[PDB]
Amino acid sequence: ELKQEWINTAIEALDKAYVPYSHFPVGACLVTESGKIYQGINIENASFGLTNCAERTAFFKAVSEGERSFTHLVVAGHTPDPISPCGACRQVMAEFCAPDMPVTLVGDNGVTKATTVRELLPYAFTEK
């Protein structure tokens, strides 16, 4: 039940995207230790390199409000296969999430992929 709600939150973010250059929305639902969620949207810039992905938007929102303990991340796109977080997003994930933290990826027609931080970013570069 909870996972279905998180998926709906990530999907709803697709209509909150700021993507006037790619027209490629991505949505995220980041779940905290308490179960409160932070929604992420893609936010582009005319200089493409300053674009901020939905996953990172969710982390920056949560971390700015003092969140440091995360239990799940859901990411959605309008894609034939489940949306894949880019490497920059995976690196921010690794800063704040345990390797075992589950990640649910969804795409068109209900396609889903169950994964984890450890699986998305093996041998991760960290403060360590």
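In this text, residue numbers run from 1 along the sequence as written.
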item	value
Comparing 1-9 with 119-127, the one whose average Cα B-factor in the PDB entry is higher	1-9
Of the residues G77, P85, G40, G35, the one carrying the largest Cα B-factor as recorded	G35
Given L73, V92, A46, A58, the residue at which the Cα B factor reaches its maximum	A46
CA B-factor ranking of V31, expressed as a third of its chain	lowest
Entry-reported Cα temperature factor of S64, expressed as the chain third it lands in	lowest
Chain third (lowest, middle, highest) by recorded CA B-factor, residue given as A98	highest
